[PDB]
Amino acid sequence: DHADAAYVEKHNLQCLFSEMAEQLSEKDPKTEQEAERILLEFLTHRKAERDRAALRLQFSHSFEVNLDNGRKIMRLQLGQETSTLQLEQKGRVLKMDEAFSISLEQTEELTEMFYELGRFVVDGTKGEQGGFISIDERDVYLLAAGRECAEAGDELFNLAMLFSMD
């Protein structure tokens, strides 16, 4: 009933649950069936955005994510049996560096959190920007600013940090 409202805070899923409730306020459905349809369309459209980010941000060697422009950075290089991973953070609340290796399963999990950040890529330069992504030391894409882009970055760094603890 309310061990639920706990599992959701306890796993950083409060943001997702909140964007869902948010999506129901904007459309204001007449029934529970209308609401659930809207949540099924919401998730489907995001899977589409994510499917397109994966096509555009496809990488063979390396990626870099650089956010809050400068003050959070992750670089990943692929290898046959493991990926290598370098992080930096210089915020007011946390300063850190990390360098270490992750499994092929870990790379797959991280890659999905990365494509999720990829949904915030802009084609403009007219627009507030939150940073960029480099692919294979060739292409560079700018990221949009704002709380949903920041949340996606938070979730991506937090997972890499978790992998640092074995």
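Position 1 is the first residue in the sequence shown; the rest follow in order.
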**Request:** Name the higher of the two by mean Cα B-factor in the PDB entry, 129 to 137 versus 101 to 109.
**Result:** 101 to 109
**Asked** Which is higher on average in the deposited entry, the C-alpha temperature factors of 114 to 122 or of 62 to 70?
**Response** 62 to 70
**Item:** Ranked against its chain, the third holding the CA B-factor of residue 96
**Value:** middle
**Message:** Splitting the chain's C-alpha B-factors into thirds, which one does residue 161 fall into?
**Reply:** middle
**Item:** Third of chain Cα B-factors occupied by residue 145
**Value:** middle
**Asked** residue 49's Cα B-factor: lowest, middle or highest third of the chain?
**Response** lowest
